[PDB]
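A.B. asks: structure_35.pdb is reproduced in full below (PDB, C-alpha atoms and all ligand atoms).
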```pdb
ATOM      1  CA  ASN X 700      11.653 -20.274   8.386
ATOM      2  CA  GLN X 701      11.200 -22.421   5.281
ATOM      3  CA  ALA X 702       7.729 -23.692   6.201
ATOM      4  CA  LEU X 703       6.211 -20.206   5.912
ATOM      5  CA  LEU X 704       6.621 -20.207   2.112
ATOM      6  CA  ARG X 705       5.043 -22.895  -0.060
ATOM      7  CA  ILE X 706       6.886 -23.750  -3.274
ATOM      8  CA  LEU X 707       3.923 -24.507  -5.529
ATOM      9  CA  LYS X 708       3.994 -27.070  -8.299
ATOM     10  CA  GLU X 709       2.395 -25.895 -11.534
ATOM     11  CA  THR X 710      -0.451 -28.381 -11.032
ATOM     12  CA  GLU X 711      -1.387 -27.001  -7.603
ATOM     13  CA  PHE X 712      -3.044 -23.827  -8.937
ATOM     14  CA  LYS X 713      -5.076 -22.799 -11.978
ATOM     15  CA  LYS X 714      -5.322 -19.293 -13.456
ATOM     16  CA  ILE X 715      -9.098 -18.980 -13.700
ATOM     17  CA  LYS X 716      -9.408 -15.306 -14.640
ATOM     18  CA  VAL X 717      -7.407 -12.156 -15.364
ATOM     19  CA  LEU X 718      -7.649  -9.409 -12.742
ATOM     20  CA  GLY X 719      -5.412  -6.905 -14.561
ATOM     21  CA  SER X 720      -2.024  -6.375 -16.195
ATOM     22  CA  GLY X 721       0.595  -3.659 -15.965
ATOM     23  CA  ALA X 722       4.224  -2.980 -16.843
ATOM     24  CA  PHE X 723       5.488  -5.317 -14.113
ATOM     25  CA  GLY X 724       3.195  -8.278 -14.775
ATOM     26  CA  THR X 725      -0.293  -9.754 -14.866
ATOM     27  CA  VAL X 726      -2.448 -10.601 -11.841
ATOM     28  CA  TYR X 727      -4.948 -13.460 -12.079
ATOM     29  CA  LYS X 728      -7.895 -14.636 -10.030
ATOM     30  CA  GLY X 729      -7.400 -18.355  -9.571
ATOM     31  CA  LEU X 730      -7.820 -21.501  -7.490
ATOM     32  CA  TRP X 731      -5.215 -23.004  -5.173
ATOM     33  CA  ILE X 732      -5.651 -26.789  -5.192
ATOM     34  CA  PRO X 733      -3.017 -28.118  -2.746
ATOM     35  CA  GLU X 734      -1.819 -31.666  -3.342
ATOM     36  CA  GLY X 735      -3.583 -34.185  -1.100
ATOM     37  CA  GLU X 736      -5.932 -31.841   0.783
ATOM     38  CA  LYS X 737      -9.225 -31.913  -1.155
ATOM     39  CA  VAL X 738      -9.974 -28.164  -1.077
ATOM     40  CA  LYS X 739     -10.161 -25.358  -3.646
ATOM     41  CA  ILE X 740      -8.962 -21.965  -2.388
ATOM     42  CA  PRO X 741      -9.602 -18.731  -4.329
ATOM     43  CA  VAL X 742      -6.271 -16.899  -4.643
ATOM     44  CA  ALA X 743      -4.610 -14.077  -6.565
ATOM     45  CA  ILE X 744      -1.719 -15.064  -8.846
ATOM     46  CA  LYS X 745       0.683 -12.346 -10.014
ATOM     47  CA  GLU X 746       2.891 -13.538 -12.875
ATOM     48  CA  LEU X 747       5.788 -11.111 -13.208
ATOM     49  CA  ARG X 748       7.169 -10.282 -16.634
ATOM     50  CA  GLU X 749       9.729 -12.800 -17.859
ATOM     51  CA  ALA X 750      13.039 -11.187 -16.888
ATOM     52  CA  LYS X 754      18.423 -13.104 -11.249
ATOM     53  CA  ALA X 755      18.993 -16.434  -9.528
ATOM     54  CA  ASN X 756      16.408 -18.745  -7.970
ATOM     55  CA  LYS X 757      18.113 -18.564  -4.568
ATOM     56  CA  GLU X 758      17.961 -14.759  -4.607
ATOM     57  CA  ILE X 759      14.267 -14.800  -5.571
ATOM     58  CA  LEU X 760      13.365 -17.356  -2.894
ATOM     59  CA  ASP X 761      15.334 -15.381  -0.295
ATOM     60  CA  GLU X 762      13.175 -12.304  -0.909
ATOM     61  CA  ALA X 763      10.068 -14.494  -1.177
ATOM     62  CA  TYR X 764      10.848 -15.949   2.258
ATOM     63  CA  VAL X 765      10.801 -12.425   3.712
ATOM     64  CA  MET X 766       7.453 -11.747   2.032
ATOM     65  CA  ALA X 767       6.034 -14.997   3.436
ATOM     66  CA  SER X 768       7.254 -14.191   6.968
ATOM     67  CA  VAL X 769       5.177 -11.039   7.576
ATOM     68  CA  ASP X 770       2.605 -11.603  10.343
ATOM     69  CA  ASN X 771       0.448  -8.482  10.636
ATOM     70  CA  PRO X 772      -3.284  -8.031   9.929
ATOM     71  CA  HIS X 773      -2.597  -4.992   7.704
ATOM     72  CA  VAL X 774       0.314  -6.391   5.655
ATOM     73  CA  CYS X 775      -0.233  -8.803   2.775
ATOM     74  CA  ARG X 776       1.577 -12.120   3.213
ATOM     75  CA  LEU X 777       3.007 -14.164   0.347
ATOM     76  CA  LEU X 778       1.241 -17.526   0.542
ATOM     77  CA  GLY X 779       3.216 -19.349  -2.151
ATOM     78  CA  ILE X 780       5.507 -19.015  -5.146
ATOM     79  CA  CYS X 781       6.002 -20.909  -8.409
ATOM     80  CA  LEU X 782       9.356 -20.649 -10.195
ATOM     81  CA  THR X 783       9.224 -21.419 -13.919
ATOM     82  CA  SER X 784      10.179 -19.197 -16.851
ATOM     83  CA  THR X 785       8.375 -16.511 -14.823
ATOM     84  CA  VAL X 786       7.995 -15.783 -11.115
ATOM     85  CA  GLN X 787       4.401 -16.359  -9.982
ATOM     86  CA  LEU X 788       3.307 -15.003  -6.599
ATOM     87  CA  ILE X 789       0.264 -16.535  -4.892
ATOM     88  CA  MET X 790      -1.614 -14.865  -2.034
ATOM     89  CA  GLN X 791      -5.162 -14.743  -0.729
ATOM     90  CA  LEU X 792      -7.740 -12.997  -2.887
ATOM     91  CA  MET X 793      -8.771  -9.503  -1.799
ATOM     92  CA  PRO X 794     -12.258  -9.384  -3.346
ATOM     93  CA  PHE X 795     -12.830  -5.597  -3.154
ATOM     94  CA  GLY X 796      -9.668  -4.722  -5.094
ATOM     95  CA  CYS X 797      -7.294  -1.883  -4.357
ATOM     96  CA  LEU X 798      -8.270   0.903  -1.982
ATOM     97  CA  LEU X 799      -7.839   3.568  -4.677
ATOM     98  CA  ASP X 800     -10.417   1.991  -6.990
ATOM     99  CA  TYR X 801     -12.628   1.309  -3.964
ATOM    100  CA  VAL X 802     -12.873   4.920  -2.772
ATOM    101  CA  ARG X 803     -13.505   6.125  -6.331
ATOM    102  CA  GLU X 804     -16.375   3.659  -6.756
ATOM    103  CA  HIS X 805     -17.915   4.227  -3.298
ATOM    104  CA  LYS X 806     -17.110   7.913  -2.700
ATOM    105  CA  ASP X 807     -20.718   8.912  -1.988
ATOM    106  CA  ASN X 808     -21.137   6.096   0.574
ATOM    107  CA  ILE X 809     -17.870   6.588   2.520
ATOM    108  CA  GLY X 810     -18.031   8.330   5.890
ATOM    109  CA  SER X 811     -15.555   9.867   8.304
ATOM    110  CA  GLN X 812     -15.160   6.689  10.373
ATOM    111  CA  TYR X 813     -14.227   4.584   7.329
ATOM    112  CA  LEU X 814     -11.543   7.041   6.197
ATOM    113  CA  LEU X 815      -9.883   7.455   9.600
ATOM    114  CA  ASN X 816      -9.941   3.699  10.260
ATOM    115  CA  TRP X 817      -8.103   3.192   6.964
ATOM    116  CA  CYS X 818      -5.463   5.722   8.035
ATOM    117  CA  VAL X 819      -4.982   3.729  11.248
ATOM    118  CA  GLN X 820      -4.732   0.351   9.508
ATOM    119  CA  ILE X 821      -2.267   1.647   6.910
ATOM    120  CA  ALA X 822      -0.165   3.237   9.661
ATOM    121  CA  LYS X 823      -0.197  -0.046  11.600
ATOM    122  CA  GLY X 824       0.974  -2.013   8.570
ATOM    123  CA  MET X 825       3.759   0.480   7.879
ATOM    124  CA  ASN X 826       4.849   0.521  11.527
ATOM    125  CA  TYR X 827       5.145  -3.271  11.376
ATOM    126  CA  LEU X 828       7.233  -3.015   8.201
ATOM    127  CA  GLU X 829       9.483  -0.501   9.965
ATOM    128  CA  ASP X 830       9.833  -2.770  13.006
ATOM    129  CA  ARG X 831      10.894  -5.507  10.571
ATOM    130  CA  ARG X 832      13.471  -3.080   9.093
ATOM    131  CA  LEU X 833      11.604  -3.104   5.769
ATOM    132  CA  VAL X 834      11.220  -0.034   3.538
ATOM    133  CA  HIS X 835       8.240  -0.091   1.180
ATOM    134  CA  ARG X 836       9.418   2.440  -1.472
ATOM    135  CA  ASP X 837       6.004   2.478  -3.205
ATOM    136  CA  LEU X 838       3.297   3.185  -0.604
ATOM    137  CA  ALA X 839       0.178   4.496  -2.341
ATOM    138  CA  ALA X 840      -3.578   3.966  -2.313
ATOM    139  CA  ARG X 841      -3.139   1.662  -5.317
ATOM    140  CA  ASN X 842      -0.871  -0.595  -3.211
ATOM    141  CA  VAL X 843      -3.444  -1.081  -0.428
ATOM    142  CA  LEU X 844      -5.858  -3.968  -0.977
ATOM    143  CA  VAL X 845      -9.328  -4.282   0.541
ATOM    144  CA  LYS X 846     -10.182  -7.693   1.975
ATOM    145  CA  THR X 847     -13.390  -6.340   3.522
ATOM    146  CA  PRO X 848     -14.491  -2.671   3.474
ATOM    147  CA  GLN X 849     -12.967  -2.184   6.951
ATOM    148  CA  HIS X 850      -9.960  -4.536   6.706
ATOM    149  CA  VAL X 851      -7.221  -3.315   4.363
ATOM    150  CA  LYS X 852      -3.690  -4.602   3.817
ATOM    151  CA  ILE X 853      -0.499  -3.156   2.354
ATOM    152  CA  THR X 854       0.891  -4.976  -0.691
ATOM    153  CA  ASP X 855       3.679  -4.724  -3.282
ATOM    154  CA  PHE X 856       6.336  -4.085  -0.627
ATOM    155  CA  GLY X 857       9.780  -5.460  -1.396
ATOM    156  CA  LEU X 858       8.951  -6.007  -5.073
ATOM    157  CA  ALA X 859      11.746  -3.638  -6.117
ATOM    158  CA  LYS X 860      14.113  -6.423  -5.026
ATOM    159  CA  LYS X 875       8.758   4.262 -14.021
ATOM    160  CA  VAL X 876       9.186   5.752 -10.541
ATOM    161  CA  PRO X 877       6.233   7.089  -8.463
ATOM    162  CA  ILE X 878       7.566  10.646  -8.370
ATOM    163  CA  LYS X 879       4.308  12.119  -7.039
ATOM    164  CA  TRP X 880       4.508   9.769  -4.016
ATOM    165  CA  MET X 881       8.255  10.002  -3.332
ATOM    166  CA  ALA X 882       9.906  12.190  -0.721
ATOM    167  CA  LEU X 883      12.180  14.956  -1.974
ATOM    168  CA  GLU X 884      15.358  13.199  -0.832
ATOM    169  CA  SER X 885      14.226  10.112  -2.764
ATOM    170  CA  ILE X 886      13.774  12.085  -5.992
ATOM    171  CA  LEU X 887      16.989  14.110  -5.732
ATOM    172  CA  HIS X 888      19.260  11.769  -3.746
ATOM    173  CA  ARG X 889      17.675   8.305  -4.240
ATOM    174  CA  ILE X 890      17.492   8.010  -0.442
ATOM    175  CA  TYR X 891      14.846   5.520   0.721
ATOM    176  CA  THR X 892      14.184   5.316   4.474
ATOM    177  CA  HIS X 893      11.243   4.711   6.785
ATOM    178  CA  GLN X 894      10.854   8.494   6.995
ATOM    179  CA  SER X 895      10.635   8.575   3.199
ATOM    180  CA  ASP X 896       7.779   6.080   3.526
ATOM    181  CA  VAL X 897       6.087   8.579   5.854
ATOM    182  CA  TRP X 898       6.024  11.084   2.987
ATOM    183  CA  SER X 899       4.317   8.485   0.788
ATOM    184  CA  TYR X 900       1.902   7.768   3.647
ATOM    185  CA  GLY X 901       0.899  11.432   3.727
ATOM    186  CA  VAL X 902       0.204  11.345  -0.006
ATOM    187  CA  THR X 903      -1.770   8.123   0.480
ATOM    188  CA  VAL X 904      -3.899   9.853   3.125
ATOM    189  CA  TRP X 905      -4.436  12.725   0.685
ATOM    190  CA  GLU X 906      -5.706  10.238  -1.911
ATOM    191  CA  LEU X 907      -8.307   8.880   0.516
ATOM    192  CA  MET X 908      -9.442  12.265   1.844
ATOM    193  CA  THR X 909      -9.968  13.456  -1.752
ATOM    194  CA  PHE X 910     -11.837  10.215  -2.602
ATOM    195  CA  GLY X 911      -9.201   9.070  -5.075
ATOM    196  CA  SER X 912      -8.008  12.275  -6.736
ATOM    197  CA  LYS X 913      -4.720  12.291  -8.616
ATOM    198  CA  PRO X 914      -1.937  14.072  -6.691
ATOM    199  CA  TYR X 915      -0.512  17.023  -8.634
ATOM    200  CA  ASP X 916      -3.010  16.447 -11.428
ATOM    201  CA  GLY X 917      -1.817  17.625 -14.837
ATOM    202  CA  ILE X 918       1.718  18.398 -13.617
ATOM    203  CA  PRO X 919       4.551  16.394 -15.226
ATOM    204  CA  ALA X 920       6.769  14.341 -12.942
ATOM    205  CA  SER X 921       9.737  16.372 -14.216
ATOM    206  CA  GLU X 922       8.376  19.455 -12.409
ATOM    207  CA  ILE X 923       7.419  17.844  -9.081
ATOM    208  CA  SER X 924      10.835  18.393  -7.482
ATOM    209  CA  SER X 925      10.895  22.128  -8.230
ATOM    210  CA  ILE X 926       7.325  22.434  -6.925
ATOM    211  CA  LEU X 927       8.309  20.860  -3.603
ATOM    212  CA  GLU X 928      11.394  23.097  -3.489
ATOM    213  CA  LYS X 929       9.169  26.179  -3.832
ATOM    214  CA  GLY X 930       7.201  25.137  -0.735
ATOM    215  CA  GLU X 931       4.061  23.999  -2.554
ATOM    216  CA  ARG X 932       2.312  20.884  -1.252
ATOM    217  CA  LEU X 933      -0.867  18.985  -2.020
ATOM    218  CA  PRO X 934      -3.881  21.170  -1.154
ATOM    219  CA  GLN X 935      -6.057  20.705   1.901
ATOM    220  CA  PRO X 936      -8.950  18.345   1.058
ATOM    221  CA  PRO X 937     -12.278  20.079   1.759
ATOM    222  CA  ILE X 938     -13.382  17.443   4.282
ATOM    223  CA  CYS X 939     -10.186  17.655   6.361
ATOM    224  CA  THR X 940     -10.069  19.899   9.396
ATOM    225  CA  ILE X 941      -6.852  21.769  10.137
ATOM    226  CA  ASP X 942      -5.709  19.080  12.592
ATOM    227  CA  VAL X 943      -5.955  16.382   9.916
ATOM    228  CA  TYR X 944      -4.236  18.521   7.279
ATOM    229  CA  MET X 945      -1.406  19.594   9.594
ATOM    230  CA  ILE X 946      -0.571  15.923  10.171
ATOM    231  CA  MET X 947      -0.495  15.394   6.401
ATOM    232  CA  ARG X 948       1.657  18.512   5.998
ATOM    233  CA  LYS X 949       4.184  17.321   8.589
ATOM    234  CA  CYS X 950       4.634  14.138   6.542
ATOM    235  CA  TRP X 951       5.874  16.379   3.695
ATOM    236  CA  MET X 952       8.644  18.167   5.595
ATOM    237  CA  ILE X 953      12.042  18.589   3.963
ATOM    238  CA  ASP X 954      13.812  17.354   7.109
ATOM    239  CA  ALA X 955      12.863  13.669   7.086
ATOM    240  CA  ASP X 956      13.699  13.366  10.792
ATOM    241  CA  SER X 957      11.012  15.972  11.571
ATOM    242  CA  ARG X 958       8.218  14.009   9.886
ATOM    243  CA  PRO X 959       5.970  11.975  12.207
ATOM    244  CA  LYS X 960       6.830   8.369  12.940
ATOM    245  CA  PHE X 961       4.389   5.614  12.036
ATOM    246  CA  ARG X 962       4.011   4.892  15.759
ATOM    247  CA  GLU X 963       2.794   8.440  16.422
ATOM    248  CA  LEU X 964       0.651   8.283  13.275
ATOM    249  CA  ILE X 965      -1.171   5.262  14.709
ATOM    250  CA  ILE X 966      -1.888   7.165  17.928
ATOM    251  CA  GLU X 967      -3.079  10.451  16.404
ATOM    252  CA  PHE X 968      -5.401   8.859  13.844
ATOM    253  CA  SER X 969      -6.722   6.392  16.437
ATOM    254  CA  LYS X 970      -7.709   9.270  18.724
ATOM    255  CA  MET X 971      -9.286  11.034  15.745
ATOM    256  CA  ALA X 972     -11.125   7.795  14.984
ATOM    257  CA  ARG X 973     -12.832   7.873  18.399
ATOM    258  CA  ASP X 974     -14.669  11.018  17.207
ATOM    259  CA  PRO X 975     -14.561  11.000  13.385
ATOM    260  CA  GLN X 976     -17.030  13.839  12.743
ATOM    261  CA  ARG X 977     -14.873  16.207  14.808
ATOM    262  CA  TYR X 978     -11.940  15.883  12.386
ATOM    263  CA  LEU X 979     -13.624  15.099   9.039
ATOM    264  CA  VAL X 980     -16.555  17.154   7.730
ATOM    265  CA  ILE X 981     -18.530  15.169   5.141
ATOM    266  CA  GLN X 982     -21.993  15.974   3.768
TER
HETATM  267  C1  LIG R   1      -5.550   0.035  -7.475
HETATM  268  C2  LIG R   1      -5.736  -0.794  -8.745
HETATM  269  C3  LIG R   1      -5.255  -2.225  -8.494
HETATM  270  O1  LIG R   1      -4.503  -2.483  -7.556
HETATM  271  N1  LIG R   1      -5.665  -3.123  -9.397
HETATM  272  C4  LIG R   1      -5.389  -4.411  -9.184
HETATM  273  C5  LIG R   1      -5.888  -5.154  -8.116
HETATM  274  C6  LIG R   1      -5.604  -6.520  -8.035
HETATM  275  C7  LIG R   1      -6.147  -7.242  -7.053
HETATM  276  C8  LIG R   1      -7.463  -7.208  -6.895
HETATM  277  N2  LIG R   1      -7.762  -8.004  -5.884
HETATM  278  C9  LIG R   1      -6.634  -8.531  -5.422
HETATM  279  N3  LIG R   1      -6.471  -9.390  -4.407
HETATM  280  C10 LIG R   1      -5.206  -9.833  -4.065
HETATM  281  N4  LIG R   1      -4.149  -9.348  -4.815
HETATM  282  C11 LIG R   1      -4.352  -8.493  -5.831
HETATM  283  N5  LIG R   1      -3.307  -8.041  -6.543
HETATM  284  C12 LIG R   1      -2.069  -8.449  -6.195
HETATM  285  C13 LIG R   1      -1.119  -7.509  -5.799
HETATM  286  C14 LIG R   1       0.168  -7.903  -5.433
HETATM  287  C15 LIG R   1       0.508  -9.252  -5.472
HETATM  288  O2  LIG R   1       1.738  -9.737  -5.139
HETATM  289  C16 LIG R   1       2.589  -8.754  -4.542
HETATM  290  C17 LIG R   1       2.730  -9.031  -3.186
HETATM  291  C18 LIG R   1       2.262 -10.236  -2.674
HETATM  292  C19 LIG R   1       2.397 -10.521  -1.320
HETATM  293  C20 LIG R   1       3.004  -9.593  -0.483
HETATM  294  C21 LIG R   1       3.466  -8.395  -1.014
HETATM  295  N6  LIG R   1       3.317  -8.132  -2.382
HETATM  296  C22 LIG R   1      -0.423 -10.199  -5.868
HETATM  297 CL1  LIG R   1       0.017 -11.871  -5.905
HETATM  298  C23 LIG R   1      -1.702  -9.797  -6.237
HETATM  299  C24 LIG R   1      -5.596  -8.073  -6.146
HETATM  300  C25 LIG R   1      -4.883  -7.134  -9.055
HETATM  301  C26 LIG R   1      -4.382  -6.387 -10.118
HETATM  302  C27 LIG R   1      -4.644  -5.024 -10.175
HETATM  303  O3  LIG R   1      -4.193  -4.210 -11.171
HETATM  304  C28 LIG R   1      -3.154  -4.832 -11.930
HETATM  305  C29 LIG R   1      -2.663  -3.865 -13.012
HETATM  306  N7  LIG R   1      -3.037  -2.477 -12.697
HETATM  307  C30 LIG R   1      -3.383  -1.776 -13.941
HETATM  308  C31 LIG R   1      -1.911  -1.788 -12.047
HETATM  309 CL    CL R   2      -0.314  -3.852  -9.397
HETATM  310 MG    MG R   3       0.535  -2.508  -7.704
END
```
The structure in this file should be written as structure tokens.

C.D. replies:
Amino acid sequence: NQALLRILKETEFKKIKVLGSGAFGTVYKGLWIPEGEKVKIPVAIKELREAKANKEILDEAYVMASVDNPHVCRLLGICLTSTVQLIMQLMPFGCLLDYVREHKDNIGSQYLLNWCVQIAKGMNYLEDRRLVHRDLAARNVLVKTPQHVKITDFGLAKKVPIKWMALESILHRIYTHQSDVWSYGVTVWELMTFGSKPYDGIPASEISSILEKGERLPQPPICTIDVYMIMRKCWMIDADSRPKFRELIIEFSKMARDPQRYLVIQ
């Protein structure tokens, strides 16, 4: 479906401001000024590091532009020059990890459980589209509005987040939808701890042996045993025994109908 992805001319958008840079590239806050339409759209522009053929890039960009789910970021446009520039709608509240750290004192049980539902819905859609994320984390969930979050940075792989990866991904480089469930459990742990680092102070070289010994991320103080058991099942060695994203939508949606029963916050 070629119409889903806009191939942007360099004149159609302007990098107004830097939002942040990392190893993979620089993200800008900018304006989309489409040719012959008399509007100015605020957008985010990620310029990847200058590195892979144009046809291969566009083929993956077409997949990113074809997602149609309220909790999955959609690629609005792309510009192919010396670099690859990805254009999508601006998420003004930033990533969910920075958001919970900034607003920890003002976040209640309903907000946290609703986020777990929306993230599970976005992942279930990615699984139904036969897409594996391979990097699900609180940093890769963007906040459009405080109660509308979207998953991003999926399919960009086309160093390694050891502390978010399932054991079979660390030791065997196996990436499946059930390996995304492990990362989902860690993502939930980030939110329930209001943005704490998983396995803080432990080198990534030792994470595999820690998981082999049976140690997992500790129970966040606000989580009841029902919430923590669901997180613990996401970290099972047998990937087939971990919950599916479909079941994760159902359990957290029922918990969201009575949030104070499952999360104890001051
Ligand atoms: C958790 C910290 C963080 O994420 N920081 C961060 C946030 C943004 C950012 C803020 N507001 C935004 N609105 C919209 N988009 C972004 N950032 C992104 C992310 C991915 C992008 O393309 C990938 C993609 C596009 C479509 C579908 C799937 N995947 C784009 Cl184009 C924009 C955003 C921006 C930058 C940062 O941090 C950057 C460097 N950090 C130090 C890691
Ligand atoms: Cl990023
Ligand atoms: Mg990112």

A.B. asks: Around ligand MG 3 (chain R), which protein and nucleic acid residues have at least one atom no more than 7 Å from it, if we count all atoms listed in the file? List them as a VMD selection string.

C.D. replies: chain X and resid 841 to 842 855

A.B. asks: Neighbours of ligand LIG 1 (chain R) at 6 Å or closer, counting only C-alpha atoms and all ligand atoms: which residues, as a PyMOL selection string?

C.D. replies: chain X and resi 718-721+726+743-745+766+775-777+788-794+796-797+799-800+841-842+854-856

A.B. asks: Skip residue 909 of chain X itself and residues of its chain fewer than 6 positions away, then list as a list in words all residues within 10 Å of it, counting only C-alpha atoms.

C.D. replies: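 Final neighbour list, sorted by chain and number: residues 802, 803, 806, 934, 935, 936, 937, 938 and 939 of chain X.
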
A.B. asks: Enumerate, as a ChimeraX atom specification, the residues matched when the PyMOL selection byres (((chain X and resi 706) around 9) and not hetatm) is run on the file above.

C.D. replies: /X:704-705,707-708,779-782

A.B. asks: Rank X:818, X:813, X:933, X:858 by their smallest atom-to-atom distance to ligand CL 2 (chain R), using all atoms listed in the file, and report the top residue only.

C.D. replies: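 Looking only at the distances to ligand CL 2 (chain R), the closest residue turns out to be X:858.
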
A.B. asks: Excluding residue 837 of chain X and any residue of its chain fewer than 2 positions from it, enumerate the residues within 9 Å of it, using all atoms listed in the file, and give them as a ChimeraX atom specification.

C.D. replies: /X:834-835,839,842,855-857,859,876-877,880-881,896,899

A.B. asks: Please enumerate the residues selected by the PyMOL selection byres (((chain X and resi 772) around 10) and not hetatm) when evaluated against the supplied file, formatted as a VMD selection string.

C.D. replies: chain X and resid 769 to 771 773 to 776 820 823 to 824 827 850 to 853

A.B. asks: With only C-alpha atoms as the atoms that count, which of X:716, X:805, X:889, X:879 lies nearest to residue 919 of chain X?

C.D. replies: X:879

A.B. asks: Could you tell me which of X:843, X:950, X:735, X:816 comes closest to ligand CL 2 (chain R) if we count all atoms listed in the file?

C.D. replies: X:843

A.B. asks: Kindly give the distance, in Å, that separates atom CA of residue 830 of chain X and atom CA of residue 700 of chain X, rounded to a single decimal.

C.D. replies: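 A separation of 18.2 Å between them.
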
A.B. asks: Quick one: everything within 10 Å of residue 956 of chain X, counting only C-alpha atoms, minus sequence neighbours fewer than 4 positions away in the same chain. Send it as an NGL selection string.

C.D. replies: :X and (893-895 or 952 or 960)

A.B. asks: Suppose you want the space between atom CA of residue 821 of chain X and atom CA of residue 965 of chain X; what is it in Å?

C.D. replies: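 These atoms are spaced 8.7 Å apart.
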
A.B. asks: Grab the atom CA of residue 701 of chain X to atom CA of residue 733 of chain X distance for me, in Å with one decimal place.

C.D. replies: 17.3 Å

A.B. asks: For each of X:825, X:966, X:923, X:798, take the minimum atom-to-atom distance to ligand CL 2 (chain R), counting only C-alpha atoms and all ligand atoms, then give the residue where this is smallest.

C.D. replies: X:798

A.B. asks: Give the answer as one residue: which of X:829, X:804, X:844, X:784 has the shortest atom-to-atom distance to ligand CL 2 (chain R), using all atoms listed in the file?

C.D. replies: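 Checking each of X:829, X:804, X:844, X:784 against ligand CL 2 (chain R), counting all atoms listed in the file, the winner is X:844.
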
A.B. asks: Any chance you could work out the residue set of the PyMOL selection byres (((chain X and resi 814) around 10) and not hetatm) here, as a PyMOL selection string?

C.D. replies: chain X and resi 802+809-813+815-819+849+904+907-908+910+968+972+975+979

A.B. asks: Once 6 Å is added on each side, what centre and edge lengths in Å to one decimal does the axis-aligned box around all listed atoms of segment 729-733 of chain X have, as JSON?

C.D. replies:
```
{"center_x": -5.4, "center_y": -23.2, "center_z": -6.2, "size_x": 16.8, "size_y": 21.8, "size_z": 18.8}
```

A.B. asks: Return the single residue from X:948, X:888, X:714, X:832 that is closest to residue 732 of chain X, with distances computed using all atoms listed in the file.

C.D. replies: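 Closest residue, counting all atoms listed in the file: X:714.
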